[PDB]
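Encoded as structure tokens, the structure appears first; notes follow it.
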Ligand SMILES: COc1ccccc1C(=O)Nc1cc2c(cc1N1CCCC1)n(C)c(=O)n2C
């Protein structure tokens, strides 16, 4: 149940903070702004960002590690999909994939101890 999951959610909260710290350009920490990118949903079926992941975490939407990891991976893959390779966005998503992936590998090991 939800109370039994408390330590797991504590682990996710810490992991999310570590992931969000990898957003050195501050471009993955709010939804892509549809006022400035009005075609974004034409292209991307499930937007994701670190603020939305925090909201999801606090709303009990992540009950296992895979579901959490899936949403992080969308932050990356949506950005690679929407943007051309020779963009600040694409390069930033590659950096995030690498650095965030290291965070997740360590965090998954700690989750396995639970
Ligand atoms: C606040 O963002 C903007 C303000 C003025 C003009 C343009 C933008 C803008 O394009 N923001 C933006 C585009 C993104 C994007 C993120 C942004 N924002 C998010 C907050 C600052 C930049 N990602 C991850 C993308 O893949 N795209 C295409």
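Residue numbers (the authors' numbering): 626 to 739.
Idealized CB from N, CA, C, for every residue including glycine.
Counting only unbroken stretches of 4 or more residues, the alpha helix (DSSP H) elements lying wholly within the region 631–667 are 631–645, in sequence order. A distance filter of 6 Å between CB atoms and the heavy atoms of ligand 1 selects the following residues in sequence order: 652, 653, 655, 657, 658, 661, 662, 704, 707, 708 and 714. In this structure the region 725–733 touches the region 687–699; the number of beta carbon pairs closer than 8 Å is three or more. The alpha-carbon of residue 724 is positioned some 30 Å away from that of residue 627.
Between residue 736 and residue 637, the alpha-carbon positions lie close to 9 Å from each other. In terms of Cα proximity to residue 653, the closest of 659, 639 and 675 is 675. Taking 8 Å as the cut-off, the beta carbon of residue 700 is found closer than this to the beta carbon of residue 673. The C-alpha of residue 706 is placed about 8 Å away from the C-alpha of residue 669. Setting aside the 5 residues that flank it on each side, residue 647 is surrounded in the same chain by 720, 721, 724, 725 and 728, each with a C-beta closer than 8 Å to its C-beta; the list follows chain order.
Per DSSP, the continuous alpha helix (DSSP H) segment holding residue 716 begins and ends at 713–737.
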